[PDB]
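Sequence lines set the chain letters: A, B, ... in the order given, protein chains first and strands last, and positions in each chain run from 1.
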Amino acid sequence: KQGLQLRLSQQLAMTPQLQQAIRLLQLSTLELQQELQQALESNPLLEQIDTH
Amino acid sequence: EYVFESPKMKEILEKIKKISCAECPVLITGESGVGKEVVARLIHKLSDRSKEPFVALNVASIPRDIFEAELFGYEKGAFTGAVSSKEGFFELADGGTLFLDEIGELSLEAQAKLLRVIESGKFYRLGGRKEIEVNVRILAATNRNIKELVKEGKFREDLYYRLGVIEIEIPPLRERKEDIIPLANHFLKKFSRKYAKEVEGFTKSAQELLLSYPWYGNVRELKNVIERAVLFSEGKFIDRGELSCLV
Amino acid sequence: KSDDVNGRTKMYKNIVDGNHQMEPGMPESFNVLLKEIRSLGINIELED
Amino acid sequence: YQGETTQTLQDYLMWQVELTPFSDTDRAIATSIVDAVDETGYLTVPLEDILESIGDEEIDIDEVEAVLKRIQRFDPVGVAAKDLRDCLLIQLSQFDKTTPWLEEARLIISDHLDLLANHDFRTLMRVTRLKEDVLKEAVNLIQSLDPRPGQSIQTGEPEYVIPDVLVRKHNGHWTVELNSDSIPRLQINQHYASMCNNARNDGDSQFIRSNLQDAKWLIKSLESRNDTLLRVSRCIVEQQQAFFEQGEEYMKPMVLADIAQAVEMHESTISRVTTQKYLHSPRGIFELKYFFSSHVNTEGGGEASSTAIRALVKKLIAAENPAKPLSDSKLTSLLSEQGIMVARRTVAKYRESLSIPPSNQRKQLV
Amino acid sequence: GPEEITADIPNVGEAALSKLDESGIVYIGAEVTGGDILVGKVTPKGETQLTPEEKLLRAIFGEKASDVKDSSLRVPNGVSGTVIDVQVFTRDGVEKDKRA
Amino acid sequence: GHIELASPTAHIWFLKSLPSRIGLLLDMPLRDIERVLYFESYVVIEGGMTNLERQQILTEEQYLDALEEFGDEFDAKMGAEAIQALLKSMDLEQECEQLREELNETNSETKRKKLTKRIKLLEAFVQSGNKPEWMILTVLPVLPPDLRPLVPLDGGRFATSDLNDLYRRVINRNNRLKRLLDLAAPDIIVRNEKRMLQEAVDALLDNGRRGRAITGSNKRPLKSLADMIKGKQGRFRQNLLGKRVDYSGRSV
DNA sequence: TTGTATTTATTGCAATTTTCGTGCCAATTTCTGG
DNA sequence: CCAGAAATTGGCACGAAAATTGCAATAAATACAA
DNA sequence: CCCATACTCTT
DNA sequence: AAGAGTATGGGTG
Ligand SMILES: Nc1ncnc2c1ncn2[C@@H]1O[C@H](COP(=O)(O)OP(=O)(O)OP(=O)(O)O)[C@@H](O)[C@H]1O
């Protein structure tokens, strides 16, 4: 019946596999650059080619 | 913000101040609307755990089959659907205060699940093989009579002596007759400020009426009566006619 | 004649009105210098 | 580096206010009035707002009116006008009485200006009690005036957009490439990544491993995004090829499904990729979504893009008789002779989208 | 929108356009002084919102005036001479005018 | 405006303009202070109960073995935080009286000059309202925008200016350091980030005075605030002692 | 000889909303015979 | 000249089609241990 | 070219 | 243990 329980069962589970790296396609160049700047701030091992 | 003018309430305040250095669990008992939550939060505020978390938990709102998972947490792979490890309320309230509200509504099969944690402070997570030790101070509140429930048999005798190291009993409002008028004025001022009315007191007959009604909802019923009278006021003083719901 | 912003306008108006008299003020380059020195972390200010 | 100061319309107006014998109250009122003037030369607020902004109750509205009248005669003449009629009357008041058609033009502007806005020439001629020749002369005199006197001092520079895709014609073939001056790119810090060894602490090792994996994933994502954009742009350019050779009127109708099938992707990906992306072509700069359009059926089983039909409508309207403009029934007939099967209501919608008035509001006396 | 080189500038008089040809470019052999127009050019300024006053202006004075603004090339003040040569460079793919 | 620096940074004018004010105040060689500031060597802040003085310089291996031997009996640091702690812990009056006694007793020529120099610096600091730790920067001022404008060029390009570039570099370094300190990154990375932040602040204040100079695309060093202030092309000699004027002309 | 932990390789389906063309008709403008 | 008649226009409607957005974690190849 | 400071040989 | 001499770095033009 309708209830909330913790149990050991054998089930066939569905497969979601998307929404990963999909939001970068609709971003324009400027918003993409802002996202890349945030990622550079948050990750030590990411660097951007510099002109200085 | 709180009114303590009856001698019994001042004795209770002295008791609370005398146990500010303790860590033993406390058991608060009384009727409904007497101020058990107020006393619990005042006990938490005056102790050494002032800045520590105060987790207030209603033990009657936890489903029967997931009681252990809620209280202790589980490890990854413990059951079907456990995708990541998760802690419980004893780890969440670690270093602070856990306030079990309405401990008398717990069933006999659920009271036996927290017999070792309250005294020892050590437990195992669901699917975990390492013993977790926590430092939590336990406050419990009830509106029943536990000392009679244990005699009847509806409350486990092993849990009453674990919880009731210190016992506090709050008298009903009908015996704290030195608090009725100060509380009435406090609530009247608060609700007049909230609703932007222009009432600023009671008549010499409304005060007499407020001191004879046997408040059975206690302070909550008094608060509701004062709020209702403020909402439907018409002048600058509240007369006996407005308080016709009393008697 | 160079960088008193209000003084330039007042002088031009007075010359058009036929009143050859100036009302000197503070040059703007000195204010720029004060801001530049303050941007170096040094407290420099005018007194009284 | 430093630029140079530029004089705007308000700077010129304040320069003239400075050299005008005003009083202190009049000078403050003039300052507020000049503050309330836009770049076209018109007053943007009612005089009540100016009177309230002055900040004292000793001043009446007629003083503001007098100051405004004095200001309106500054250079350029007609600046700070309340509306178009006021500007035209102010400009006319500076003309000598020897002007041939001054009186009739003044009468038309003062009384009947909405009729001239509706291109009546019938009720206006009846009310003015005048013939066509003198009416035409008065209208020509009116149209010689300056409707935007504040544009004499023009300031500002146009804004531009950096294209993401370049389309050219190399060796007779239309070629597509990405804009190398704006393509995003990243790298991996080798100095930081050279210390991912078990010799150091395990916490440092796990930190550096996780960050390195995330960096590589992000680089791969950027590369895939660029490749997808290039492929979609190339397919779009290959499908719409008569546009780049002969401009509009040769657009083909297409939807996202065509490109999605051509590149073997989902139309959601095609929709997301072509959002706010620009393409540079010899014909100009176009958004990638400009090449998708609806269609109307054409006799012979074909279809005609709504862009081509809009261009044809514009070209047909631009080459009509000024005395007898084409209605929508006429434009529908002139399109049916070319095989286009479009309704009257759709033609009206297309004309409205081009910001073109109806036929009765386009006729001229000449 | 693209800038247009044209002889139809709405905010200038007929006399000031007398030395320009049908393409908006000055004739060969014209005597010019400071302030004269050499090449007539307009810059787009159109907007998608039409206020009632803007509608009245467009109805009375035409739609071309409300869409473009003057950005012509003028002789610098203090300069005079005779036009002896004109050259036109056009990007490949753009249609050529009469002068070219 | 202002910028809240993630970690303290030293002012290059009070370190590199000879004689070094920080060095003369702390009585330390410039080489050791430079080693400490740019994360090359340690320095003891509190000696403790062991045989460690209050300004001894410790190398990496020396600090490691000191930790393995004594443990938490002392305190050693590197960077501008250590220098700031040393500056904040000194008492001016006791140093003044002790050095005056030493000068009165001892007789020499060079040492007397050194003691006189130190006495003058200490008394100048005491008489004025300044404090030594103010020579270490915690907050960074930001110039008004209209004094550092952007260059508009044909085609919509805005280019950039040297001052804006230096400010952007400082801001990027500060943001990265804040993020790394928030996530508790390994020390081997945060020390490098702090050193780079110190270098960026030095470049912003006085580019080229300390070691190398940051250059642009055409290999030209960027102009800093000091370049704006000093020189024949600076404010004093180009805009204040002489200027261009109206109502003037020239001819043959 | 195999069974298992690790590292690359994954840029679509399905609701929901918005836009399309074209008809009905009232309000508005224009045309024509007595 | 006038009043009836005809033509024009755009707001609202309606069904259909096209475009936009929410969902968030798996599957397979590869190298290593008994 | 000229001066101030740290390091090295000598009485 | 001081004192004179030499090498290095900063500033100017
Ligand atoms: N001394 C007091 N001063 C002011 N308000 C009070 C006082 N005592 C009680 N109240 C008010 O009475 C109301 C009811 O109190 P409380 O919630 O503590 O009662 P309870 O039924 O015993 O508690 P609970 O069921 O939540 O454990 C609250 O709104 C509280 O603010």
Checklist entry - Contacts to DNA chain J from residues 306-327 of chain D, heavy-atom cutoff under 4.0 Å, which residues? => result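 Per residue number, the list is empty: none.
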Looking at [options], which one has an atom nearest to any side-chain atom of [X]?
X	options	value
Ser268(D)	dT11(G), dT10(G), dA14(G)	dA14(G)
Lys111(F)	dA2(J), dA19(H), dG13(J)	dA2(J)
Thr228(D)	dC13(G), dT11(G), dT20(H)	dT11(G)
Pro16(A)	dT9(H), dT26(H), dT11(G)	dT26(H)
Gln19(A)	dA24(H), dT9(H), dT8(G)	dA24(H)

Under 4.0 angstrom, heavy atoms only, what part of the nucleic acid is [X] near: base, sugar-phosphate, or nothing?
X	value
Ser224(D)	base
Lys230(F)	nothing
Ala348(D)	nothing
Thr275(D)	nothing
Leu25(A)	base
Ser294(D)	sugar-phosphate

Under 3.5 Å, sequence neighbours excluded: what are the donor-acceptor pairs made by side chains of residues 202-212 of chain F?
{"residue": "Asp202(F)", "atom": "OD1", "partner": "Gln198(F)", "partner atom": "NE2", "Å": "3.0"}
{"residue": "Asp202(F)", "atom": "OD2", "partner": "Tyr38(F)", "partner atom": "OH", "Å": "2.5"}
{"residue": "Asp202(F)", "atom": "OD2", "partner": "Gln198(F)", "partner atom": "NE2", "Å": "3.4"}
{"residue": "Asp206(F)", "atom": "OD2", "partner": "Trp13(F)", "partner atom": "NE1", "Å": "3.2"}
{"residue": "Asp206(F)", "atom": "OD2", "partner": "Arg209(F)", "partner atom": "NE", "Å": "3.3"}
{"residue": "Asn207(F)", "atom": "OD1", "partner": "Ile214(F)", "partner atom": "N", "Å": "3.1"}
{"residue": "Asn207(F)", "atom": "ND2", "partner": "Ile214(F)", "partner atom": "O", "Å": "3.2"}
{"residue": "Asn207(F)", "atom": "ND2", "partner": "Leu222(F)", "partner atom": "O", "Å": "3.0"}

Next on the checklist: Let's test your reading of the model: under 3.5 Å, does the base of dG10(J) pair with the side chain of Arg209(F) as donor and acceptor?
Outcome noted: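 Side chain to base: no pair present.
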Next on the checklist: Any donor-acceptor pair, under 3.5 Å, between the side chain of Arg351(D) and the base of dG10(H), if you only look at N and O atoms?
Outcome noted: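 Not at all, since no donor on one side and acceptor on the other fall under 3.5 Å apart.
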Roughly, in whole Å, what's the span from [atom1] in [X] to [atom2] in [N]?
X	N	atom1	atom2	answer
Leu331(D)	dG10(H)	CG	P	13 Å
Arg112(F)	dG3(J)	CZ	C1'	15 Å
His295(D)	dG21(G)	NE2	P	10 Å
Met254(D)	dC20(G)	CE	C1'	17 Å

Test side chain to side chain donor-acceptor pair (under 3.5 Å) applied to [X] - qualifying residues, sequence neighbours left out:
X	answer
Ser66(E)	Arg58(E)
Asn104(F)	none
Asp164(D)	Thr29(A)

Taking only nitrogen or oxygen atoms into account, show me every contact under 3.5 Å that the protein makes with nucleotides 26-33 of chain G, one pair per line with its distance.
{"residue": "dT30(G)", "atom": "OP1", "partner": "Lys363(D)", "partner atom": "NZ", "Å": "3.4"}
{"residue": "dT30(G)", "atom": "OP2", "partner": "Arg122(D)", "partner atom": "NH1", "Å": "2.8"}
{"residue": "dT30(G)", "atom": "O5'", "partner": "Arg122(D)", "partner atom": "NH1", "Å": "2.9"}

Side-chain donor-acceptor distances from residues 260-268 of chain D under 3.5 Å, at least two apart:
{"residue": "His266(D)", "atom": "ND1", "partner": "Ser268(D)", "partner atom": "N", "Å": "3.2"}
{"residue": "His266(D)", "atom": "ND1", "partner": "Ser268(D)", "partner atom": "OG", "Å": "3.3"}

Item to check | Syn/anti label of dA24(H) as read from its glycosidic torsion, with the cut at 90° from 0 | outcome: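 With its glycosidic angle within 90° of zero, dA24(H) counts as syn.
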Just list the side-chain donor-acceptor pairs under 3.5 Å for residues 286-298 of chain D, sequence neighbours left out, or say none.
{"residue": "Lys289(D)", "atom": "NZ", "partner": "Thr274(D)", "partner atom": "OG1", "Å": "2.8"}
{"residue": "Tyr290(D)", "atom": "OH", "partner": "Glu248(D)", "partner atom": "OE2", "Å": "2.5"}
{"residue": "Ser293(D)", "atom": "OG", "partner": "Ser305(D)", "partner atom": "OG", "Å": "2.5"}

Item to check | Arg112(F) vs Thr116(F), side chain to side chain donor-acceptor pair (under 3.5 Å): CA-CA, chis, key distance, verdict | outcome: CA-CA 6 Å; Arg112(F) 166 169 272 99; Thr116(F) 302; 5.8 Å; no
Next on the checklist: Between the opening five pairs and the closing five pairs of the helix from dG12(G)-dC23(H) to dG34(G)-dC1(H), how far apart are the helix axes, to 10°?
Outcome noted: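 Answer rounded to 10°: the end axes differ by 30°.
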Next on the checklist: So, using side-chain contact (heavy atoms from CB on, under 4.5 Å) as the criterion, who are the partners of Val83(B) when residues are at least two apart?
Outcome noted: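 For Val83(B), no residue satisfies side-chain contact (heavy atoms from CB on, under 4.5 Å) once neighbours in sequence are set aside.
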Side-chain donor-acceptor pairs of residues 320-332 of chain D under 3.5 Å, sequence neighbours excluded:
{"residue": "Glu320(D)", "atom": "OE1", "partner": "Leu326(D)", "partner atom": "N", "Å": "2.8"}
{"residue": "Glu320(D)", "atom": "OE2", "partner": "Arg362(D)", "partner atom": "NE", "Å": "3.3"}
{"residue": "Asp328(D)", "atom": "OD1", "partner": "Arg351(D)", "partner atom": "NE", "Å": "3.4"}
{"residue": "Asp328(D)", "atom": "OD2", "partner": "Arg351(D)", "partner atom": "NH2", "Å": "3.4"}
{"residue": "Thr332(D)", "atom": "OG1", "partner": "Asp328(D)", "partner atom": "O", "Å": "2.4"}

Output side-chain donor-acceptor pairs under 3.5 Å for residues 33-41 of chain A, partner residues at least two apart or in another chain, one line each.
{"residue": "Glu35(A)", "atom": "OE2", "partner": "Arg23(A)", "partner atom": "NH2", "Å": "2.9"}
{"residue": "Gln37(A)", "atom": "NE2", "partner": "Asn172(F)", "partner atom": "OD1", "Å": "3.2"}
{"residue": "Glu41(A)", "atom": "OE2", "partner": "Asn175(F)", "partner atom": "ND2", "Å": "3.2"}

